[PDB]
Amino acid sequence: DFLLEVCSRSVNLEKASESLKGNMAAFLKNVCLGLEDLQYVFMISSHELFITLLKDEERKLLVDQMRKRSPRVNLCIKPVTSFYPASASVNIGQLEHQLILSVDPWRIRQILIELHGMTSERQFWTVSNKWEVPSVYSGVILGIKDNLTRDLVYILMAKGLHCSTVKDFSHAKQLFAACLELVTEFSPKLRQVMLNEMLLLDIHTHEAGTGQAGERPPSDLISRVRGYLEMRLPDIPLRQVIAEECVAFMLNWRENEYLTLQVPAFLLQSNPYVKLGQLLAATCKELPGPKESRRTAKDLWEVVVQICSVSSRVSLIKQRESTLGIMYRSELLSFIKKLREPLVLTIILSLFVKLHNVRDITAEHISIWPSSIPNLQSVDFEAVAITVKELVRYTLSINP
Amino acid sequence: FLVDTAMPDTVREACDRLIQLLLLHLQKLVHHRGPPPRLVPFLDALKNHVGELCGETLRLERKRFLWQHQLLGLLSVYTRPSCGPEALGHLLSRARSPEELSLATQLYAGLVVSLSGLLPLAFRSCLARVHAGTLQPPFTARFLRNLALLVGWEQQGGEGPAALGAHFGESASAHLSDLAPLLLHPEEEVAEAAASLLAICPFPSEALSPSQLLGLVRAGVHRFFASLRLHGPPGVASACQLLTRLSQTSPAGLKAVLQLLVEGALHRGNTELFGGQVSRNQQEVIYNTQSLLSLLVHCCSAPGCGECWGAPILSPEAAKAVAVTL
């Protein structure tokens, strides 16, 4: 308004000739053109001087072309539905279609209750094959005596996992919490399955939204991961991917003291993933030391080389079996592909570059791995070339 | 024929009941027995016509469009190559109004409960068609501006994008390299559509590759300079926003954009816009120079009430780089 008052007090209209009128109009137009907030465009737009100089038809084109600079958009997000309930069958089908489109757990529970009431014994978990469940958990999820409870638990599981897939973790959290609170009454094994599923979903959520900018977890996710890594519970069915992401997160945030010292002894014998996490943590914490680092770099070397070895034409990629390693080659590649930490990534690149140098390529801490290897014939140099190519592509994806 | 004969009123109602019960039955089939998949010969003759199918649904008539849309949802859920991305790409690159484009959001909302990764494949597929001779330029422009509307609508987060939950911005960001050559594409409408997508489309979360960063920067300055040569100060904001967004990326990108903007300003091209020697109106020269110098000040000035009249401090290093380039 100081600009516009100065403009008005200095223009001296009806005697300013055409040149000054045009130049003042241009200045006002182009001081609108750069305005980031349209309300200010509105300021000069309402001003009497603005209306006075230019014309009665370019002001409208100006205001509309500044409105389309940041247009407001309204769109229908709700799915189409040809709902119109005459017969029992049409009612059943329309309600099952809604069951498909429903993602809030309470609406699903309502539609499942009404369908089980209207029908006699038909299950409604199978009204869509696109609903998936891990096979280690299908057997337990089908052991509930109540049909409606089993159906609701299944549909909640499937919708929560598929939501976790599409990175819409709010819905997954809601659905999973509903299932967990519903299953606390009758089945402790299903409660433990739900606990692990919440743990994995929270880890995924943190690393998707809560991280991505370098903020510490609230330290209870770390405690939950720690408790999950020390269950010692044989009856509970487990997914190895939950443990894999536990170790991947745990090694993402440099907490190498626990994996090096506080890890239970039996876990290293049991889970190869925890063992690899410990080895990377130990070989990353000792980088300052020329000699102390070698004590862990040595077993990291041997573990990785027999990982890429072939026991007995045979190829590691073509067969994927006959390997001496405790960990699969593609599983090792995936486990690495959940690491975004730069120090561990460069350690791993030096590990596979030195391995690809024997039969050069230089990758930072390249003098830390030993040179002489046992069973040089057993390792697959073509497999290591493939693994190093994929590994370097992933590393140039994380930090381009 | 059936849809034409659902719109003798008794025969109309007969066809209407037929198509509704047929949709109920197909929906039971495509989604059941959760074992080899069932076969629906009816749908298996439709995958060749899914694109044609989309066209009918995009006519947005009174009642046929609803049936066709549920048909597309069912077909997509059925087809093992998951034709859902193909349907979404057709809806995106064919819609012409916000209401038609609402169909694509409706379709994805119906899909995301059964299908996953449809935005990456839809774009990975749409931009793949783009890098070829198909998808005549108006169609690609329609796809690009519908994507621009999608990312803008998602950015102004309310209840809509909160519930749809697409991540349009990310799933268009991972294709910034594929969008970049289009800013050199000859026909102006595709170029501006790509630029206006880019200005608002977020850069990848990790970083921009030096090849990506530099190609984006060159494309942005070319758009900015060409945007200006044809539109002038009003029509460059897109590029400018992008350039400014590029110039705050990192000191490498800042120095690259400042050096390339200063060099392109002083090349034998982009010199007659600023009174360069080898008659032109002066007024346009002052205001072209206004846009270029405002961009430079935006790129140069430090981002981020500091009193009501104060002004942001120009950084020393940006002016140092402008100095050495000069």
# chains A, B, ... in the order shown; residues from 1 in each chain; ligands from 1
call {"tool": "closest_atom_pairs", "arguments": {"of": "chain A", "to": "chain B", "cutoff": "8 Å", "atoms": "only C-alpha atoms", "output": "CSV"}}
result
residue,atom,partner,partner_atom,distance
A:23,CA,B:283,CA,7.9
A:30,CA,B:287,CA,7.5
A:33,CA,B:234,CA,5.8
A:34,CA,B:237,CA,7.9
A:72,CA,B:153,CA,7.3
A:73,CA,B:153,CA,5.8
A:74,CA,B:98,CA,7.3
A:75,CA,B:102,CA,5.0
A:76,CA,B:102,CA,5.0
A:77,CA,B:106,CA,4.9
A:78,CA,B:106,CA,5.4
A:79,CA,B:106,CA,4.5
A:80,CA,B:66,CA,6.3
A:81,CA,B:66,CA,7.2
A:82,CA,B:66,CA,6.7
A:90,CA,B:24,CA,7.3
A:93,CA,B:24,CA,6.1
A:94,CA,B:24,CA,7.5
A:97,CA,B:27,CA,7.8
A:100,CA,B:113,CA,7.1
A:101,CA,B:110,CA,6.1
A:103,CA,B:113,CA,7.3
A:125,CA,B:34,CA,7.4
A:126,CA,B:34,CA,4.5
A:127,CA,B:32,CA,4.7
A:128,CA,B:31,CA,4.1
A:129,CA,B:34,CA,4.0
A:130,CA,B:114,CA,5.4
A:131,CA,B:114,CA,7.0
A:132,CA,B:34,CA,7.9
A:159,CA,B:113,CA,6.9
A:162,CA,B:113,CA,7.0
A:163,CA,B:113,CA,7.5
A:165,CA,B:116,CA,6.9
A:166,CA,B:116,CA,6.0
A:168,CA,B:165,CA,6.1
A:212,CA,B:205,CA,7.6
A:398,CA,B:206,CA,6.4
A:399,CA,B:206,CA,6.2
A:400,CA,B:209,CA,4.8
call {"tool": "write_last_selection", "arguments": {"atoms": "N, CA and C atoms", "output": "short mmCIF file (atom, residue, chain, number, x, y, z; two decimals), in the first residue's frame"}}
result
data_model
loop_
_atom_site.label_atom_id
_atom_site.label_comp_id
_atom_site.auth_asym_id
_atom_site.auth_seq_id
_atom_site.Cartn_x
_atom_site.Cartn_y
_atom_site.Cartn_z
N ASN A 23 3.69 3.35 -18.92
CA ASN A 23 4.78 2.85 -18.10
C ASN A 23 4.32 2.53 -16.68
N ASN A 30 3.57 -5.85 -13.83
CA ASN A 30 4.71 -6.71 -13.59
C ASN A 30 5.09 -6.80 -12.11
N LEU A 33 2.99 -9.64 -11.48
CA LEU A 33 3.42 -10.90 -12.09
C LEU A 33 4.27 -11.74 -11.15
N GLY A 34 5.07 -11.10 -10.32
CA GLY A 34 5.91 -11.86 -9.42
C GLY A 34 5.34 -12.13 -8.05
N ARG A 72 -7.02 -23.92 -7.92
CA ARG A 72 -7.58 -24.82 -6.92
C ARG A 72 -8.36 -25.92 -7.63
N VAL A 73 -8.14 -27.16 -7.22
CA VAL A 73 -8.65 -28.32 -7.93
C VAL A 73 -9.52 -29.14 -6.99
N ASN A 74 -10.72 -29.49 -7.44
CA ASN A 74 -11.62 -30.38 -6.73
C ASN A 74 -11.85 -31.62 -7.58
N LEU A 75 -11.66 -32.79 -6.98
CA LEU A 75 -11.80 -34.04 -7.70
C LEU A 75 -12.56 -35.02 -6.84
N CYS A 76 -13.32 -35.90 -7.48
CA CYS A 76 -13.97 -36.98 -6.77
C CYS A 76 -12.98 -38.11 -6.54
N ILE A 77 -12.76 -38.45 -5.27
CA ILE A 77 -11.92 -39.58 -4.91
C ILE A 77 -12.74 -40.81 -4.58
N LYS A 78 -14.04 -40.69 -4.42
CA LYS A 78 -14.85 -41.82 -4.00
C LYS A 78 -15.08 -42.76 -5.18
N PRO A 79 -14.99 -44.07 -4.97
CA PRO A 79 -15.16 -45.02 -6.07
C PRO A 79 -16.59 -45.04 -6.58
N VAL A 80 -16.73 -45.35 -7.87
CA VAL A 80 -18.05 -45.52 -8.46
C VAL A 80 -18.70 -46.78 -7.91
N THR A 81 -20.02 -46.74 -7.76
CA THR A 81 -20.76 -47.89 -7.25
C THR A 81 -22.16 -47.87 -7.84
N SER A 82 -22.56 -48.97 -8.47
CA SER A 82 -23.88 -49.06 -9.10
C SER A 82 -24.88 -49.68 -8.13
N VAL A 90 -28.64 -60.06 -4.96
CA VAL A 90 -28.15 -58.74 -5.34
C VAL A 90 -27.70 -57.97 -4.11
N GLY A 93 -24.32 -59.40 -3.14
CA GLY A 93 -23.26 -58.97 -4.03
C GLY A 93 -22.90 -57.50 -3.88
N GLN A 94 -23.90 -56.63 -3.77
CA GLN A 94 -23.63 -55.21 -3.54
C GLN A 94 -22.89 -55.01 -2.24
N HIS A 97 -19.35 -56.08 -2.67
CA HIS A 97 -18.63 -55.06 -3.42
C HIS A 97 -18.22 -53.90 -2.51
N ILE A 100 -15.36 -54.90 -0.57
CA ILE A 100 -14.13 -54.71 -1.33
C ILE A 100 -13.64 -53.27 -1.21
N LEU A 101 -14.53 -52.31 -1.46
CA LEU A 101 -14.11 -50.91 -1.48
C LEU A 101 -13.89 -50.33 -0.10
N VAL A 103 -12.18 -49.73 3.39
CA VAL A 103 -10.85 -49.87 3.97
C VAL A 103 -10.81 -49.53 5.46
N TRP A 125 -14.30 -64.14 3.63
CA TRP A 125 -12.90 -63.79 3.43
C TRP A 125 -12.45 -64.02 2.00
N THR A 126 -13.12 -64.93 1.30
CA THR A 126 -12.74 -65.43 -0.01
C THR A 126 -13.51 -64.75 -1.12
N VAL A 127 -14.10 -63.59 -0.84
CA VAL A 127 -14.89 -62.88 -1.83
C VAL A 127 -13.95 -62.01 -2.66
N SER A 128 -12.65 -62.18 -2.43
CA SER A 128 -11.62 -61.54 -3.25
C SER A 128 -10.32 -62.30 -3.08
N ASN A 129 -9.77 -62.80 -4.19
CA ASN A 129 -8.47 -63.46 -4.15
C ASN A 129 -7.32 -62.48 -4.02
N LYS A 130 -7.51 -61.22 -4.43
CA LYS A 130 -6.50 -60.18 -4.27
C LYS A 130 -6.12 -59.96 -2.82
N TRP A 131 -6.79 -60.61 -1.87
CA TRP A 131 -6.43 -60.51 -0.46
C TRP A 131 -5.44 -61.62 -0.14
N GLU A 132 -4.27 -61.26 0.37
CA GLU A 132 -3.16 -62.18 0.55
C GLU A 132 -2.75 -62.23 2.01
N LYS A 159 -5.88 -56.38 4.22
CA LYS A 159 -5.98 -54.97 3.88
C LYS A 159 -4.85 -54.18 4.53
N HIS A 162 -1.67 -54.94 2.37
CA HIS A 162 -1.71 -54.26 1.09
C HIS A 162 -1.62 -52.75 1.26
N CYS A 163 -2.14 -52.21 2.36
CA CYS A 163 -1.93 -50.79 2.63
C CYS A 163 -0.46 -50.50 2.90
N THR A 165 1.86 -51.96 1.60
CA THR A 165 2.49 -51.99 0.29
C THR A 165 2.40 -50.64 -0.41
N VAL A 166 1.25 -49.97 -0.34
CA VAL A 166 1.05 -48.76 -1.13
C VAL A 166 1.44 -47.52 -0.33
N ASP A 168 0.47 -46.25 2.29
CA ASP A 168 -0.63 -45.58 2.98
C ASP A 168 -0.73 -46.19 4.37
N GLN A 212 13.73 -40.00 6.65
CA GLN A 212 13.84 -39.26 5.40
C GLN A 212 14.41 -37.86 5.61
N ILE A 398 20.76 -44.75 -3.76
CA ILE A 398 20.53 -44.16 -2.44
C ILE A 398 21.12 -42.76 -2.37
N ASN A 399 22.35 -42.59 -2.82
CA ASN A 399 23.05 -41.31 -2.71
C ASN A 399 23.61 -40.96 -4.08
N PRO A 400 22.76 -40.52 -5.01
CA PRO A 400 23.22 -40.27 -6.38
C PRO A 400 24.28 -39.21 -6.48
#
call {"tool": "closest_residue", "arguments": {"among": "A:193, A:69, A:48, A:178", "to": "residue B:241", "atoms": "only C-alpha atoms"}}
result
A:69
call {"tool": "closest_residue", "arguments": {"among": "A:344, A:157, A:13, A:379", "to": "residue A:287", "atoms": "only C-alpha atoms"}}
result
A:344
call {"tool": "residues_around", "arguments": {"residues": "stretch 214-225 of chain A", "least_positions_apart": "2", "cutoff": "12 Å", "atoms": "only C-alpha atoms", "output": "ChimeraX atom specification"}}
result
/A:195-212,227-231,242-255,258-259,263,340-341 /B:206
call {"tool": "select_by_dssp", "arguments": {"residues": "stretch 181-278 of chain A", "states": "alpha helix (DSSP H)", "output": "PyMOL selection string"}}
result
chain A and resi 181-183+188-205+220-229+240-252+256-257+265-270+272-278
call {"tool": "residues_around", "arguments": {"residues": "residue A:186", "least_positions_apart": "6", "cutoff": "12 Å", "atoms": "only C-alpha atoms", "output": "ChimeraX atom specification"}}
result
/A:143-146,149-150,180
call {"tool": "write_last_selection", "arguments": {"atoms": "N, CA and C atoms", "output": "mmCIF file, in the first residue's frame"}}
result
data_model
loop_
_atom_site.group_PDB
_atom_site.id
_atom_site.type_symbol
_atom_site.label_atom_id
_atom_site.label_comp_id
_atom_site.auth_asym_id
_atom_site.auth_seq_id
_atom_site.Cartn_x
_atom_site.Cartn_y
_atom_site.Cartn_z
ATOM 1 N N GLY A 143 -7.508 -71.237 12.202
ATOM 2 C CA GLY A 143 -7.788 -72.134 13.304
ATOM 3 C C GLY A 143 -8.788 -71.623 14.317
ATOM 4 N N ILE A 144 -9.286 -70.396 14.134
ATOM 5 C CA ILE A 144 -10.289 -69.822 15.026
ATOM 6 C C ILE A 144 -11.613 -70.541 14.840
ATOM 7 N N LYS A 145 -12.228 -70.904 15.960
ATOM 8 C CA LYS A 145 -13.486 -71.630 15.905
ATOM 9 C C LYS A 145 -14.597 -70.755 15.341
ATOM 10 N N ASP A 146 -14.615 -69.475 15.709
ATOM 11 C CA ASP A 146 -15.643 -68.571 15.208
ATOM 12 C C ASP A 146 -15.375 -68.217 13.751
ATOM 13 N N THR A 149 -15.175 -64.165 13.374
ATOM 14 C CA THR A 149 -13.902 -63.664 13.884
ATOM 15 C C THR A 149 -12.759 -63.994 12.933
ATOM 16 N N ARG A 150 -12.722 -65.231 12.430
ATOM 17 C CA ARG A 150 -11.688 -65.619 11.477
ATOM 18 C C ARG A 150 -11.756 -64.768 10.218
ATOM 19 N N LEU A 180 -5.567 -56.331 16.297
ATOM 20 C CA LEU A 180 -4.840 -56.671 17.516
ATOM 21 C C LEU A 180 -5.731 -56.549 18.742
#
call {"tool": "atom_distance", "arguments": {"atom1": "atom CA of residue B:58", "atom2": "atom CA of residue B:4"}}
result
15.8 Å
call {"tool": "atom_distance", "arguments": {"atom1": "atom CA of residue A:323", "atom2": "atom CA of residue A:307"}}
result
6.9 Å
call {"tool": "atom_distance", "arguments": {"atom1": "atom CA of residue B:272", "atom2": "atom CA of residue B:260"}}
result
17.2 Å
